Each structure stands twice: as C-alpha cells, then as structure tokens.
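final-v1.txt (compact mmCIF, C-alpha atoms) appears below.
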# COMPACT_ATOMS: atom_id res chain seq x y z
CA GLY F 2 36.13 -16.09 -8.72
CA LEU F 3 37.11 -13.14 -10.89
CA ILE F 4 36.75 -9.40 -10.43
CA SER F 5 34.90 -9.16 -13.76
CA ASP F 6 32.51 -11.96 -12.76
CA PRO F 7 28.87 -11.10 -12.04
CA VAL F 8 28.22 -10.20 -8.42
CA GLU F 9 27.53 -13.26 -6.29
CA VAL F 10 24.93 -13.70 -3.56
CA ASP F 11 25.49 -11.78 -0.33
CA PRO F 12 25.47 -13.97 2.81
CA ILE F 13 24.12 -10.97 4.74
CA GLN F 14 21.22 -10.90 2.28
CA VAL F 15 20.54 -14.61 2.81
CA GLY F 16 20.59 -14.25 6.59
CA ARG F 17 18.46 -11.12 6.43
CA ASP F 18 15.85 -12.98 4.39
CA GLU F 19 15.94 -16.08 6.62
CA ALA F 20 15.43 -13.95 9.74
CA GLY F 21 12.16 -12.78 8.19
CA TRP F 22 12.06 -9.19 9.42
CA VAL F 23 12.11 -7.48 6.03
CA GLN F 24 8.78 -5.69 5.76
CA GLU F 25 6.33 -7.09 3.21
CA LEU F 26 3.37 -4.86 2.40
CA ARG F 27 0.37 -4.83 0.09
CA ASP F 28 0.51 -3.66 -3.51
CA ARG F 29 -1.52 -0.51 -2.70
CA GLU F 30 -2.77 -0.72 -6.29
CA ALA F 31 -4.33 -4.20 -6.37
CA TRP F 32 -8.12 -4.31 -6.35
CA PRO F 33 -9.67 -5.85 -4.32
CA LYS F 34 -7.26 -5.25 -1.43
CA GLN F 35 -4.74 -8.02 -0.89
CA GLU F 36 -4.70 -10.42 2.01
CA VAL F 37 -2.26 -9.45 4.74
CA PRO F 38 1.06 -11.23 4.08
CA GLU F 39 2.18 -13.86 6.55
CA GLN F 40 5.33 -11.95 7.54
CA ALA F 41 3.10 -8.99 8.41
CA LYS F 42 1.24 -11.17 10.93
CA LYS F 43 4.14 -12.97 12.59
CA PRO F 44 4.21 -12.65 16.39
CA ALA F 45 7.16 -11.10 18.16
CA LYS F 46 9.82 -13.68 18.94
CA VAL F 47 9.81 -14.94 22.52
CA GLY F 48 13.60 -14.98 22.60
CA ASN F 49 15.83 -12.77 20.46
CA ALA W 2 6.99 39.98 -51.20
CA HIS W 3 9.26 41.06 -48.35
CA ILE W 4 10.97 38.26 -46.42
CA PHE W 5 12.51 38.90 -43.00
CA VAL W 6 15.02 36.60 -41.31
CA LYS W 7 13.98 36.48 -37.66
CA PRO W 8 14.97 34.19 -34.78
CA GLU W 9 12.67 31.90 -32.89
CA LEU W 10 13.14 32.89 -29.27
CA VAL W 11 12.33 30.85 -26.17
CA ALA W 12 10.82 32.38 -23.03
CA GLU W 13 10.21 31.35 -19.43
CA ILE W 14 7.04 32.79 -17.91
CA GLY W 15 6.49 30.58 -14.88
CA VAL W 16 4.49 27.72 -16.40
CA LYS W 17 5.99 24.74 -14.57
CA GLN W 18 5.03 21.09 -14.46
CA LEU W 19 2.59 20.82 -11.57
CA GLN W 20 3.93 18.57 -8.83
CA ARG W 21 2.70 17.35 -5.47
CA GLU W 22 3.64 18.84 -2.12
CA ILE W 23 5.65 16.50 0.12
CA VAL W 24 4.19 16.01 3.59
CA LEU W 25 4.64 12.36 4.63
CA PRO W 26 8.36 12.31 5.64
CA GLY W 27 7.85 14.77 8.48
CA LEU W 28 5.02 12.74 10.02
CA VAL W 29 6.78 9.38 10.40
CA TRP W 30 9.10 8.19 13.16
CA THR W 31 12.49 8.40 11.42
CA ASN W 32 15.79 6.87 12.50
CA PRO W 33 15.33 5.57 16.03
CA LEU W 34 17.92 3.02 14.84
CA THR W 35 21.10 3.58 12.83
CA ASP W 36 23.67 0.79 13.34
CA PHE W 37 22.35 -1.65 10.77
CA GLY W 38 25.81 -2.22 9.37
CA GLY W 39 27.33 -3.34 12.62
CA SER W 40 24.59 -5.78 13.51
CA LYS W 41 24.08 -9.34 12.34
CA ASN W 42 22.06 -9.77 9.12
CA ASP W 43 21.69 -5.98 8.82
CA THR W 44 19.04 -6.40 11.51
CA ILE W 45 18.73 -4.56 14.82
CA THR W 46 16.57 -6.49 17.26
CA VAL W 47 14.27 -4.37 19.42
CA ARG W 48 13.39 -5.70 22.86
CA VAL W 49 9.83 -5.44 24.17
CA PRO W 50 9.91 -5.64 27.99
CA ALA W 51 8.10 -8.26 30.02
CA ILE W 52 4.65 -8.17 31.61
CA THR W 53 3.80 -10.26 34.67
CA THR W 54 0.47 -11.79 35.70
CA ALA W 55 -0.83 -12.05 39.26

Is it possible to express this structure as structure tokens?
Amino acid sequence: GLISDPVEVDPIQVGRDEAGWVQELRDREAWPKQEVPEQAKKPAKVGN
Amino acid sequence: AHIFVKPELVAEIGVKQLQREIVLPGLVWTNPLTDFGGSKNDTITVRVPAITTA
C-alpha cells in the first residue's frame, strides 16, 4: 500500500474478535434492561 | 451628565462547576495482568484449576 493510505485492518484485532473474549455489556441506559449478551454467558473453555 | 471610563473587571470567588467525587477506581481489582502486548491476539488466557469427583 501507501503510507498516506487509510489505515488497514489489524490482524490482531481480527483474532481478538474471533477469540470472543472482548467484554460485551449492557447499555446501562436502555429501558427495560437488556438481555444478557451471548458472549457474557459463554462457558469457560475446556482447553485453552 | 458626567461620564466615567471604567474597566469591566473579572473576579474569582470560588464558584466552580460542581463535579462528582471519584470512588469506583479504588474498589476494583486493577492490573492482575499486564503483558497483553506480548500475548497472542492481545489476550492473556487465565487458567482455572481442575476439580475431581469421587
């Protein structure tokens, strides 16, 4: 690419999102209270 | 019909914009982990030890 080009996608960001350990929360301002997101209910991995 | 040239002058008397006191940061477990750049996917995996059944 070029130095002046817009910043491209970070592979670390893609892997971080695909691992699924970034914490999703509730809007804290939405009424009625939101349902708990699926990532917030995922069991601990059996392996690593 | 006397006119006097006087300056508008600005004072500080202690009227500040009321702001909250900060208490949450000292109550939360902070930085048990630090080497996020140095681990894969910026993720440090925490191990939960095993439990056996009899």

Practice task
Extract, using all atoms listed in the file, all DNA, RNA and protein residues at most 12 Å from stretch 29-33 of chain W, discarding same-chain residues fewer than 5 positions from it, and format them as an NGL selection string.
Solution key: :W and (24 or 45 or 47)

Take the residues that were just selected and, keeping C-alpha atoms, output them as a PDB file, in the frame of the given file.
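For reference, part.pdb as written:
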ATOM      1  CA  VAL W  24       4.190  16.010   3.590  1.00  0.00           C
ATOM      2  CA  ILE W  45      18.730  -4.560  14.820  1.00  0.00           C
ATOM      3  CA  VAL W  47      14.270  -4.370  19.420  1.00  0.00           C
TER       4      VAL W  47
END

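Residues in contact with residue F:39 at up to 12 Å, not including ones fewer than 5 positions away on its chain and judged by only C-alpha atoms, are residues 21, 22, 23, 24, 25, 26, 27 and 44 of chain F.
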
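The spacing separating atom CA of residue F:31 from atom CA of residue F:14 amounts to 27.8 Å.
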
Practice task
Identify every residue of chain F that has at least one atom within 10 Å of any atom of chain W, counting only C-alpha atoms, and report the result as a ChimeraX atom specification.
Solution key: /F:12-23,45-49

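Here atom CA of residue F:11 stands at a distance of 24.2 Å from atom CA of residue F:41.
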
Problem - Separation of atom CA of residue W:37 from atom CA of residue F:40, in Å and rounded to one decimal - result: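 Those two atoms sit 20.2 Å apart.
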
Would you mind completing stretch 19-44 of chain W to N, CA, C and O atoms and writing the output as a PDB file, in the coordinates of the input?
ATOM      1  N   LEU W  19       3.202  20.866 -12.890  1.00  0.00           N
ATOM      2  CA  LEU W  19       2.590  20.820 -11.570  1.00  0.00           C
ATOM      3  C   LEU W  19       2.977  19.539 -10.850  1.00  0.00           C
ATOM      4  O   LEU W  19       2.874  18.441 -11.401  1.00  0.00           O
ATOM      5  N   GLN W  20       3.433  19.688  -9.611  1.00  0.00           N
ATOM      6  CA  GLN W  20       3.930  18.570  -8.830  1.00  0.00           C
ATOM      7  C   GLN W  20       3.371  18.653  -7.420  1.00  0.00           C
ATOM      8  O   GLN W  20       3.033  19.728  -6.925  1.00  0.00           O
ATOM      9  N   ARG W  21       3.298  17.497  -6.781  1.00  0.00           N
ATOM     10  CA  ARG W  21       2.700  17.350  -5.470  1.00  0.00           C
ATOM     11  C   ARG W  21       3.566  18.007  -4.396  1.00  0.00           C
ATOM     12  O   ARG W  21       4.781  18.152  -4.549  1.00  0.00           O
ATOM     13  N   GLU W  22       2.920  18.430  -3.314  1.00  0.00           N
ATOM     14  CA  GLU W  22       3.640  18.840  -2.120  1.00  0.00           C
ATOM     15  C   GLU W  22       3.966  17.619  -1.260  1.00  0.00           C
ATOM     16  O   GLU W  22       3.168  16.687  -1.147  1.00  0.00           O
ATOM     17  N   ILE W  23       5.147  17.630  -0.655  1.00  0.00           N
ATOM     18  CA  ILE W  23       5.650  16.500   0.120  1.00  0.00           C
ATOM     19  C   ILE W  23       5.360  16.743   1.588  1.00  0.00           C
ATOM     20  O   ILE W  23       5.846  17.716   2.173  1.00  0.00           O
ATOM     21  N   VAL W  24       4.567  15.861   2.194  1.00  0.00           N
ATOM     22  CA  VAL W  24       4.190  16.010   3.590  1.00  0.00           C
ATOM     23  C   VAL W  24       4.463  14.767   4.428  1.00  0.00           C
ATOM     24  O   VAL W  24       4.622  14.891   5.651  1.00  0.00           O
ATOM     25  N   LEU W  25       4.523  13.579   3.834  1.00  0.00           N
ATOM     26  CA  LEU W  25       4.640  12.360   4.630  1.00  0.00           C
ATOM     27  C   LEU W  25       5.939  12.223   5.414  1.00  0.00           C
ATOM     28  O   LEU W  25       5.877  11.741   6.557  1.00  0.00           O
ATOM     29  N   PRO W  26       7.120  12.561   4.882  1.00  0.00           N
ATOM     30  CA  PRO W  26       8.360  12.310   5.640  1.00  0.00           C
ATOM     31  C   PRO W  26       8.411  12.955   7.012  1.00  0.00           C
ATOM     32  O   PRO W  26       9.027  12.392   7.924  1.00  0.00           O
ATOM     33  N   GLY W  27       7.803  14.121   7.191  1.00  0.00           N
ATOM     34  CA  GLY W  27       7.850  14.770   8.480  1.00  0.00           C
ATOM     35  C   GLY W  27       6.889  14.224   9.513  1.00  0.00           C
ATOM     36  O   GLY W  27       6.931  14.657  10.666  1.00  0.00           O
ATOM     37  N   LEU W  28       6.031  13.285   9.130  1.00  0.00           N
ATOM     38  CA  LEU W  28       5.020  12.740  10.020  1.00  0.00           C
ATOM     39  C   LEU W  28       5.382  11.367  10.562  1.00  0.00           C
ATOM     40  O   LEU W  28       4.678  10.859  11.438  1.00  0.00           O
ATOM     41  N   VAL W  29       6.457  10.761  10.080  1.00  0.00           N
ATOM     42  CA  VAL W  29       6.780   9.380  10.400  1.00  0.00           C
ATOM     43  C   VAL W  29       8.008   9.343  11.287  1.00  0.00           C
ATOM     44  O   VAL W  29       8.958  10.103  11.084  1.00  0.00           O
ATOM     45  N   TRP W  30       7.965   8.478  12.297  1.00  0.00           N
ATOM     46  CA  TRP W  30       9.100   8.190  13.160  1.00  0.00           C
ATOM     47  C   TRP W  30      10.299   7.779  12.313  1.00  0.00           C
ATOM     48  O   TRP W  30      10.287   6.718  11.688  1.00  0.00           O
ATOM     49  N   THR W  31      11.338   8.606  12.290  1.00  0.00           N
ATOM     50  CA  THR W  31      12.490   8.400  11.420  1.00  0.00           C
ATOM     51  C   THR W  31      13.732   8.179  12.261  1.00  0.00           C
ATOM     52  O   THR W  31      14.000   8.937  13.196  1.00  0.00           O
ATOM     53  N   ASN W  32      14.476   7.133  11.926  1.00  0.00           N
ATOM     54  CA  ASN W  32      15.790   6.870  12.500  1.00  0.00           C
ATOM     55  C   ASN W  32      15.828   6.807  14.025  1.00  0.00           C
ATOM     56  O   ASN W  32      16.609   7.527  14.656  1.00  0.00           O
ATOM     57  N   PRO W  33      15.014   5.953  14.658  1.00  0.00           N
ATOM     58  CA  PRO W  33      15.330   5.570  16.030  1.00  0.00           C
ATOM     59  C   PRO W  33      16.456   4.558  16.099  1.00  0.00           C
ATOM     60  O   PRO W  33      16.952   4.270  17.195  1.00  0.00           O
ATOM     61  N   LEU W  34      16.867   4.019  14.953  1.00  0.00           N
ATOM     62  CA  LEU W  34      17.920   3.020  14.840  1.00  0.00           C
ATOM     63  C   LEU W  34      18.824   3.388  13.672  1.00  0.00           C
ATOM     64  O   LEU W  34      18.345   3.834  12.627  1.00  0.00           O
ATOM     65  N   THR W  35      20.130   3.199  13.848  1.00  0.00           N
ATOM     66  CA  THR W  35      21.100   3.580  12.830  1.00  0.00           C
ATOM     67  C   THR W  35      22.191   2.557  12.554  1.00  0.00           C
ATOM     68  O   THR W  35      22.772   2.596  11.464  1.00  0.00           O
ATOM     69  N   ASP W  36      22.499   1.656  13.481  1.00  0.00           N
ATOM     70  CA  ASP W  36      23.670   0.790  13.340  1.00  0.00           C
ATOM     71  C   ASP W  36      23.298  -0.541  12.700  1.00  0.00           C
ATOM     72  O   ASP W  36      23.503  -1.617  13.252  1.00  0.00           O
ATOM     73  N   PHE W  37      22.739  -0.447  11.495  1.00  0.00           N
ATOM     74  CA  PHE W  37      22.350  -1.650  10.770  1.00  0.00           C
ATOM     75  C   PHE W  37      23.549  -2.366  10.180  1.00  0.00           C
ATOM     76  O   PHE W  37      23.579  -3.599  10.161  1.00  0.00           O
ATOM     77  N   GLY W  38      24.531  -1.625   9.691  1.00  0.00           N
ATOM     78  CA  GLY W  38      25.810  -2.220   9.370  1.00  0.00           C
ATOM     79  C   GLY W  38      26.671  -2.172  10.607  1.00  0.00           C
ATOM     80  O   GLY W  38      27.257  -1.138  10.938  1.00  0.00           O
ATOM     81  N   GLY W  39      26.747  -3.296  11.301  1.00  0.00           N
ATOM     82  CA  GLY W  39      27.330  -3.340  12.620  1.00  0.00           C
ATOM     83  C   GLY W  39      26.545  -4.316  13.460  1.00  0.00           C
ATOM     84  O   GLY W  39      26.930  -4.660  14.579  1.00  0.00           O
ATOM     85  N   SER W  40      25.431  -4.771  12.906  1.00  0.00           N
ATOM     86  CA  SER W  40      24.590  -5.780  13.510  1.00  0.00           C
ATOM     87  C   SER W  40      24.455  -6.956  12.560  1.00  0.00           C
ATOM     88  O   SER W  40      24.607  -6.810  11.346  1.00  0.00           O
ATOM     89  N   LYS W  41      24.179  -8.124  13.125  1.00  0.00           N
ATOM     90  CA  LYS W  41      24.080  -9.340  12.340  1.00  0.00           C
ATOM     91  C   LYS W  41      22.885  -9.288  11.399  1.00  0.00           C
ATOM     92  O   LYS W  41      21.786  -8.896  11.796  1.00  0.00           O
ATOM     93  N   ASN W  42      23.104  -9.694  10.146  1.00  0.00           N
ATOM     94  CA  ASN W  42      22.060  -9.770   9.120  1.00  0.00           C
ATOM     95  C   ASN W  42      21.434  -8.420   8.820  1.00  0.00           C
ATOM     96  O   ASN W  42      20.278  -8.347   8.403  1.00  0.00           O
ATOM     97  N   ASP W  43      22.187  -7.339   9.025  1.00  0.00           N
ATOM     98  CA  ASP W  43      21.690  -5.980   8.820  1.00  0.00           C
ATOM     99  C   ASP W  43      20.430  -5.707   9.633  1.00  0.00           C
ATOM    100  O   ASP W  43      19.628  -4.837   9.292  1.00  0.00           O
ATOM    101  N   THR W  44      20.256  -6.442  10.724  1.00  0.00           N
ATOM    102  CA  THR W  44      19.040  -6.400  11.510  1.00  0.00           C
ATOM    103  C   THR W  44      19.383  -5.948  12.918  1.00  0.00           C
ATOM    104  O   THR W  44      20.303  -6.490  13.536  1.00  0.00           O
TER     105      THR W  44
END
